[PDB]
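Please note: Cβ atoms are built from the backbone with ideal geometry, for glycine as well, and neighbour counts cover all protein chains shown. No value in this document is a laboratory result; all are computed from the given coordinates.
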Amino acid sequence: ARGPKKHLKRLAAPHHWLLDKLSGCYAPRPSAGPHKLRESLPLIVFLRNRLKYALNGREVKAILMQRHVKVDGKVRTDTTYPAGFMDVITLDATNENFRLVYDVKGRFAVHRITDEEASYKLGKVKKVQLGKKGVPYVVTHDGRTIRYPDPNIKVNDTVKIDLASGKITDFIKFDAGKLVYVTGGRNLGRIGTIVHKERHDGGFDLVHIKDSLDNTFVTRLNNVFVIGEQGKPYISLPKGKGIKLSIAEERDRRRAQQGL
Amino acid sequence: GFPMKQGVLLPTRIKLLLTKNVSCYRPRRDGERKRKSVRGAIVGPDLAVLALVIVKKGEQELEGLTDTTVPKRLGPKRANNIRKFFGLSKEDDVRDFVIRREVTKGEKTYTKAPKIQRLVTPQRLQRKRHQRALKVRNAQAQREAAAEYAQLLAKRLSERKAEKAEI
Amino acid sequence: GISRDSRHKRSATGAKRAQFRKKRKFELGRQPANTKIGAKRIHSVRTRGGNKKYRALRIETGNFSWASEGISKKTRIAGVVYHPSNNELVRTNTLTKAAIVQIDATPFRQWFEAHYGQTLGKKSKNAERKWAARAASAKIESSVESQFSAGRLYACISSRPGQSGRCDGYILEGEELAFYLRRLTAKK
Amino acid sequence: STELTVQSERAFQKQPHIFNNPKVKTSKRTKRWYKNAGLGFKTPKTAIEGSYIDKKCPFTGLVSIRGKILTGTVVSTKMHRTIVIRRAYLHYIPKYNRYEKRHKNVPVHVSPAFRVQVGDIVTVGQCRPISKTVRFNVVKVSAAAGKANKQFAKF
Amino acid sequence: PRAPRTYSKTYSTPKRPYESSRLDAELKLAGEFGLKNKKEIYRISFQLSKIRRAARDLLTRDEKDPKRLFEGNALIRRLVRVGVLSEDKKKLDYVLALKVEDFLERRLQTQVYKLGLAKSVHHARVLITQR
RNA sequence: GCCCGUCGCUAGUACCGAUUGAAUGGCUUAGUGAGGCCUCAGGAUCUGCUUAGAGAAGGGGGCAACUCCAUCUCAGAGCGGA
RNA sequence: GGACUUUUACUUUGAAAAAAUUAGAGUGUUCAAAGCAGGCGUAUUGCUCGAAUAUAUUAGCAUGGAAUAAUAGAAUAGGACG
RNA sequence: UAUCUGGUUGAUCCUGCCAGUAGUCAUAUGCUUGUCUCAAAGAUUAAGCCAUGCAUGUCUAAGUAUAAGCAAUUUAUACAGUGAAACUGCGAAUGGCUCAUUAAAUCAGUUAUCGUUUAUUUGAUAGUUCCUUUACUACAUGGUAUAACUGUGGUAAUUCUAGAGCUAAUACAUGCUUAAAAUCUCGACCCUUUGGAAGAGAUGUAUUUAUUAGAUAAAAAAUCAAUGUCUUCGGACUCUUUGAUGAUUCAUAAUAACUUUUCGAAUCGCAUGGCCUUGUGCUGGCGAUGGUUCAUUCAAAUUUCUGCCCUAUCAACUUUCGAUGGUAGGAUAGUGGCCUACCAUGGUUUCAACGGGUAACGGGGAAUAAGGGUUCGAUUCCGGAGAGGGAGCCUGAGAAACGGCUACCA
């Protein structure tokens with residue numbers, strides 16, 4: 001249709017942003033970046049709609065232009081910046097450090113971390129290819145292009161990044177029995193160690209997963225992100241740790257703690 | 001009121017396709033062409049005005065022409081243009097020969113000179129120096145990282161020889 | 001202009017196809033170069049997303065590779081003498097891929113006489129060591145050397161002249177050369 | 001289909017960039033290249049033995065099998081190096097809660113490695129646009145000849 | 001270009017137009033409770049009729065079906081919170097029973113009377129509506 | 001008792017029909033073909049690189065012979081560009 | 001990793017799956033159509049529950065079934081395994 | 001939320017339609033109309049025609065200020081505050097509107113690019129640019145030609161512009177540069193062995209061609225042509241390097257070349273200091289804009305499977321002037337009869353082709369509540385198409401754009 005779309009009609013905007021059906025008309029269209037449109041999160045929805053640090057999007061823009069926010073180490077002035085998974089939100093004033101990881105509902109959750117944890121990133125390798133001048137390279141889910149990796153790193157493995165520097169430090173391979181975070185589908189936001197990989201050549205490898213409640217589910221290799229060992233992630237999970245309570249269970253819990 | 005146009009011939013009006021960077025037409029948008037009327041370049045009775053230019057002066061002074069003289073409103077702004085209006089050789093410092101313009105702010109006559117561009121300056125030399133410096137630094141950087149991967153691969157090969165020695 | 005869509009043109013079933021939408025810029029084609037021999041004239045064409053194509057119209061010199069000798073020189077293209085698509089390209093000496101032309105031979109002569117010390121058709125100590133080291137490698141081939149006598153070498157174009165502005169190609173050799181040999185005389 | 005003459009075109013049929021040096025006296029004349037489709041598809045003997053050319057061959061040509069893998073019944077082999085196959089099916093209609101016999105004739109390339117005949121059930125693999133109608137390539141002959149010789153003569 | 005500000009209606013309307021008996025009963029409810037519209041009855045009888053529907057559909061489900069459990073019990077607790085469903089009869093077979101009168105009797109209209117403050121449902125009306 | 005058709009009057013609808021009747025729309029033969037785009041030529045002017053003269057400038061460093069780089073100016077000849 | 005496999009329909013579970021819309025949970029917009037809010041204290045420098053679930057069939061993928069109903073095979077043995 | 005009722009008879013039971021009844025995010029219209037909230041709205045007919053206004057522009061300490069601009073002051077005799085105009089850059093290819101065409105088209109659910117283009121954002125990425133190569137080529141930085149402006153003007157008339165005179169660049173056109181190493185060729189000589197060598201040239205990246213490497217299906221041998229590293233001088237060669245995909249002639253690499261030569265910084269802003277051999281020597285901080293290639297993101301272009309309303313008073317259709325396929329080429333960003341040439345005779349059809357109709361844009365959907373259905377969707381989201389009708393095209397990463405141009409018709 002004659003060229004690049006510049007607007008986003010608030011109604012087509014991804015639901016996991018939790019934007020109200022009315023009041024307004026448009027949404028922030030995530031800038032070009034390290035993350036796909038429908039799995040990012042603009043700074044404005046985070047600062048304003050997720051953190052209540054703002055009301056007018058204009059005020060968000062000001063706040064931001066004041067260099068307060070910084071993502072993964074760089075200041076960032078983009079109002080509708082495509083911040084997404086594993087990214088490190090950093091407020092030097094207020095002394096707050098955030099990491100963007102999924103709920104169990106499927107949304108991005110407000111998660112407060114250490115100042116120490118906020119100095120290294122996790123990154124699922126999406127591809128690893130030989131480069132020009134014979135220099136091999138790995139590229140992870142967030143478009144991070146790191147050269148000279150370990151000759152034992154394949155696709156779908158996961159990786160620990162410096163943030164303050166570029167070098168990959170530690171890495172975990174995609175084996176059976178690995179604490180895995182589901183990043184897509186409606187089984188997303190859950191966590192559960194991996195069971196077994198349905199192969200299928202040239203047509204979507206299915207991944208069999210099991211959480212710490214002996215609940216099982218499948219997905220596809222795409223939505224699967226490796227994050228560690230049994231009971232031993234490499235990042236700070238949030239309240240619930242991807243176990244998915246049924247409607248009746250949730251009903252029971254939220255009306256269990258009820259004594260005013 | 002239609003304008004002539006050098007190189008059409010015909011002592012008559014013709015309608016041509018006019019483009020960027022060509023007479024009797026200034027565009028209003030990128031690559032905007034327009035078909036406009038234009039008078040020929042051959043003189044005739046239909047001409048209201050004839051733009052002529054003196055090549056040689058006769059034996060008589062013409063009133064508001066030969067008798068009088070107007071100034072070239074501006075002066076040399078680039079470095080070597082200044083160095084060539086007078087011809088100075090890249091030596092005599094250009095910052096004195098820049099024409100300065102007086103202008104009386106009522107009871108405060110002022111002195112304003114251009115802003116010499118293409119001038120070789122300290123800060124330019126500093127930036128240049130930084131270019132070459134940074135370039136070489138990253139060169140050796142990438143070289144040493146290359147040596148590093150060379151080592152890792154080498155003593156990985158060594159661990160493959162060691163492992164193949166185990167079994 | 002020239003559209004390369006498939007939206008015109010009958011369905012395989014047969015039916016006439018309606019006119020959905022108008023001509024789009026991206027489905028465009030452009031005119032053939034129809035490139036010929038002699039004097040360098042090449043026009044750059046602006047394509048999609050920048051990227052110039054080079055369109056040779058008249059070309060005199062090209063880069064030709066002697067496949068089995070490991071070398072490649074730059075010679076003057078003498079003339080088209082065969083073409084599998086259209087005979088009209090031969091009568092017109094129009095330059096195009098897969099066209100069979102005759103090149104100059106003399107730089108290839110100079111190289112071979114300077115490399116083997118043997119000379120086609122029909123002193124320095126180090127160079128003697130080399131020319132002696134070689135041989136059992138100077139057999140050429142009947143058809144290639146016979147080709148060398150007349151001083152014109154049957155070559156096959158492999159570059160796209162109306163595309164790259166280059167008229168490169170290889171020398172004919174073996175089964176291929178035999179084919180175009182039989183073919184090129186049996187129609188004369 | 002093809003058959004005979006191999007070099008029966010105005011141009012010279014040769015596999016691209018498969019140099020066979022004249023000087024180097026070989027006893028096979030011509031150097032042959034080939035690969036494997038994948039997905040389980042055994043590259044037939046007649047493809048590596050043979051001396052055809054077909055750039056639209058999955059096993060020796062310049063195409064790649066990827067996407068859909070279908071099967072069908074050969075209805076047409078009248079053209080050259082290409083066939084038409086009828087894929088039948090049944091269509092569910094809700095209001096009546098019943099089915100109806102439908103079909104589609106898919107155009108598909110067939111390499112001179114195989115030897116097809118009308119009736120042979122065949123397995124094809126989707127490739128790139130080969131022709132005006134062709135997006136599939138015959139990749140396995142599941143049938144045979146429908147017990148042809150089993151209609152022989154008296155005694 | 002904005003979102004649809006959704007809506008719906010809250011009343012149905014009798015199929016037969018002039019069934020004298022139903023007119024009698026409807027009238028009785030009106031005068032007894034101090035309603036100005038037959039609509040005020042229709043409304044209720046529609047609301048109720050949706051409940052009952054949701055009820056029937058659950059009753060066909062298998063006992064201890066997750067949806068029957070969660071939603072059925074949710075509906076039940078809902079019909080209790082107001083004052084229509086008794087704590088005695090409290091397992092969605094009475095919600096298949098029920099009647100309009102039980103809904104009618106729970107209005108502020110009805111309560112601001114039934115224990116004094118009014119002496120008539122009409123004085124209840126006039127009081128309520130007058131701030 | 002009921003009842004069928006020709007025939008007669010008022011209203012309405014549709015059919016057949018000289019006019020080889022008319023109107024709109026989509027396709028379309030043949031002929032004529034504007035226009036931008038491509039291409040062979042064109043050269044109002046306006047410079048370009050190469051060859052050499054006539055007057056000064058700046059020195060690779062010398063007692064005389066010796067000798068490079070940048071710039072500008074007019075009789076005059078080759079190789080191409082806009 | 002090497003070597004080959006008669007083809008189907010049916011049914012199950014699952015994945016892949018925008019929102020709004022519908023069905024529907026929670027929250028007293030004073031009620032209500034709605035909205036996705038809100039609720040709590042130290043109401044002088046916080047506390048905190050959410051923003052569910054379901055349907056989403058035909059075709060394509062994936063997985064379990066082996067009744068029903070088709071299909072192919074060893075008779076001029078040109079058969080089966082070794 | 002599974003209901004009927006009035007009308008053929010003298011009366012009866014039927015058949016059967018007419019009429020009654022109820023709703024419609026369903027239009028209109030009529031009579032009446034007081035309060036709160038919510039707020040659809042020139043779609044239907046005429047994608048009919050339109051007066052006037054407005055709806056697209058845009059500047060950071062950081063490309064270009066000698067406004068004969070304003071402000072003055074706080075140093076500022078190159079400039080520096082602030083800033084009209086003009087240049088340059090990006091944007092105007094989104095938005096908004098309409099439903100005219102469109103019936104295997106669009107759309108949808110599902111796919112593919114081992115079939116391509118992509119501004120941007122994001123992460124990566126660059127020591128080679130000169131030349132018989134000591135009496136040297138600006139790099140302490142090479143060339144003009146222009147607007148604005150001044151001034152002279154033309155027409156009834158426009159966002160019309162002519163002749164003259166000035167002047168900028170991150171515009172235009174040029175054009176130097178930096179380490180070590182090694183690999184290939186040639187090769188002066190010296191000297192016969194089995195042969196080894198001073199020093200001359202080439203080797204950034206991109207582009208075009210040819211060639212080679214890119215192993216791995218479990219394990220061993222002889223010979224010919226070349227010819228490598230170490231001699232324990234008969235000879236051995238031992239450890240030997242391997243990425244990815246289901247799949248490649250893939251990524252990546254080497255050889256011989258090729259090119260009216262792509263790129264490799266003649267740019268800007270704040271600070272202004274280190275270190276002496278005291279040369280305006282040599283260094284040195286922060287980030288701005290740019291710059292080739294790869295990745296990323298936003299895209300786009302095509303593309304597999306299956307699914308559309310009425311119609312037989314449409315049964316055969318398709319190849320004129322491509323219809324279905326093979327070869328080669330051309331053209332494209334690229335796949336392909338997309339086009340050309342040669343060649344063949346193919347392609348669809350009662351499982352309904354082809355043709356006609358549609359008051360037909362497709363979908364999410366909507367109305368109607370026993371179920372199965374019936375009916376509808378121009379219209380707040382998504383996809384497509386158009387800008388009075390047609391074609392053509394410039395600019396550009398992206399348009400066959402119309403609040404762009406060109407031509408024809410109205």
antiparallel share of DSSP beta bridges within the protein assembly as shown, to nearest 5, in %, is 95 percent
Cα-projected label distance for C:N126 with D:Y96, points at 7 Å along beta-carbon direction, nm
9.2 nm
Wrap a convex hull around the Cα atoms of the protein assembly as shown, take a quarter of its surface area, and give that in square nanometres.
86.0 nm²
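Taking every DSSP beta bridge with both residues inside chain C, roughly what % is antiparallel (nearest 5)?
The antiparallel fraction comes to roughly 90 percent.
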Chymotrypsin sites (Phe, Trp or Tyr not before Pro) restricted to segment D:57-152 and DSSP loop, no more than 10 other C-beta within 10 Å:
D:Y96, D:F152
Run the dipole for segment E:7-79 about the Cα centre, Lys and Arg Cβ at +1, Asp and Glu Cβ at -1, nothing else charged, and hand back the magnitude in debye, nearest 20.
220 debye
Could you identify which residue out of E:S49, E:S20, E:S120 has the top mean-square fluctuation in a GNM of chain E using Cα springs shorter than 10 Å?
E:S20
Longest exposed-site-free window of chain B, the sites being GluC sites (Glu not before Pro) in a DSSP loop that have at most 12 other C-beta atoms within 10 Å
B:108-167
Quick one: Cα centre-to-centre distance for segment C:142-156 and segment D:98-153, in angstrom?
48 Å
Please work out the Cα center distance from segment B:34-88 to segment E:64-108, rounded to the nearest Å.
101 Å
Relative contact order of segment A:174-244, defined on C-alpha pairs under 8 angstrom at six or more residues apart (%)
35 percent
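Answer rounded, prolate or oblate for chain C, using the Cα gyration tensor with square roots of eigenvalues a ≥ b ≥ c: rounded when a/c is under 1.5, else prolate when a/b is larger than b/c, else oblate.
Numbers: a/c = 2.98, a/b = 2.23, b/c = 1.34.
Because a/c hits 1.5 or more and a/b exceeds b/c, chain C counts as prolate.
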List the chymotrypsin sites (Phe, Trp or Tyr not before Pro) in segment B:41-123 that DSSP assigns to loop (not H, G, I, E or B) and whose Cβ has at most 10 other Cβ atoms within 10 Å. Which are they?
B:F86
Near B:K108, which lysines are there with a Cα under 27 Å away, not counting those fewer than 8 places off in the same chain?
B:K72, B:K77
Taking Cα atoms, how many degrees apart are the long axis of helix B:122-166 and the longest axis of chain B, rounded to 10 and kept between 0 and 90?
30 degrees
Please compute the alpha carbon radius of gyration of segment A:121-171, then divide it by the globular-protein estimate 2.2 N^0.38 Å. Two decimals is fine.
1.01
Please report, in debye to the nearest 20, how large the charge dipole of segment A:46-191 is about its Cα centre when each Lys and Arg carries +1 at its beta carbon and each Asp and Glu carries -1 there.
560 debye
Per-residue Cβ contact counts at 10 Å, fewest first, order D:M79, A:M86 as D:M79, A:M86
Taking a ≥ b ≥ c as the square roots of the Cα gyration tensor eigenvalues, with a/c under 1.5 meaning rounded and otherwise prolate when a/b beats b/c or oblate if not, chain B comes out oblate
10 Å Cβ neighbours from other chains, averaged over peptide C:176-183:
3
Euclidean distance of C-alpha centroids, segment A:58-77 and segment C:45-71, integer Å:
51 Å
Ellipticity estimate at 222 nm from DSSP helix runs (n ≥ 4, -39,500 (n - 2.57)) divided over chain B, nearest 500
-11000 deg cm²/dmol
Along the charge dipole of the protein assembly as shown, Cβ charges K/R +1 and D/E -1, which of D:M79, C:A78, B:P11 sits furthest on the positive end?
B:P11
Least to most buried among C:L181, B:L50, E:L29 (fewest other Cβ within 10 Å first)
B:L50, C:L181, E:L29
Quick check on the exposure proxy: order B:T66, C:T106 from fewest to most C-beta atoms within 10 angstrom.
B:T66, C:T106
Which residues does a label at C:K52 reach in segment C:142-163, if reach means a backbone N under 11 Å from a point 7 Å past the Cα toward the Cβ?
none
DSSP loop GluC sites (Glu not before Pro) in segment E:38-78 with at most 14 other Cβ atoms within 10 Å of their Cβ, which ones?
E:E63
Determine the shielding of peptide E:62-68 by partner chains: average, over its residues, the number of Cβ atoms on other chains within 10 angstrom of each Cβ.
1
Whole-Hz ³J(HN,Hα) for each residue in segment E:90-98, computed from phi via Karplus 6.51 cos²θ - 1.76 cosθ + 1.60 with θ = phi - 60°, x for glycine and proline: what do you get?
9, 9, 6, 8, 8, 6, 7, 7, 6
Given the candidates A:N49, A:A12, A:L64, the one whose Cα lies deepest towards the positive end of the charge dipole of segment A:1-116, counting +1 at each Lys or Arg C-beta and -1 at each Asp or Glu C-beta, is A:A12
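How shielded is A:222-229 by partner chains, expressed as the average number of their Cβ atoms within 10 Å of its Cβ atoms?
0
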Under the rule of -39500 (n - 2.57) per DSSP H run of 4 or more residues, summed and divided by the residues of chain A, what mean residue ellipticity at 222 nm is obtained, to the nearest 500 deg cm²/dmol?
-2000 deg cm²/dmol
Given H placed on each backbone N at 1.01 Å, which residues far from C:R55 in sequence or on other chains put an amide H within less than 5 Å of it?
C:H43, C:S44, C:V45
How large is ³J(HN,Hα), in whole Hz, for each residue of segment E:44-53 in order, when computed from phi with the Karplus curve 6.51 cos²θ - 1.76 cosθ + 1.60 and θ = phi - 60°, using x for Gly and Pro?
3, 4, 7, 3, 2, 4, 7, 3, 3, 4
Checked chain E with the C-alpha gyration tensor, a ≥ b ≥ c its square-rooted eigenvalues, rounded below a/c of 1.5, otherwise prolate if a/b is larger than b/c and oblate if not; verdict prolate
Derived scalar couplings ³J(HN,Hα) [segment D:36-49; Karplus, 6.51 cos²θ - 1.76 cosθ + 1.60; whole Hz; x for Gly, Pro]:
9, 5, x, 6, x, 8, 5, 6, x, 5, 4, 7, 8, 5
Straight distance only, please: which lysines reach the Cα of B:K15 with their own Cα at less than 28 Å, same-chain residues fewer than 8 apart left out?
B:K5, B:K34, B:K36
Grab the beta carbon distance between A:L221 and D:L39, set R0 = 22 Å, and tell me the FRET efficiency rounded to 0.05.
0.75
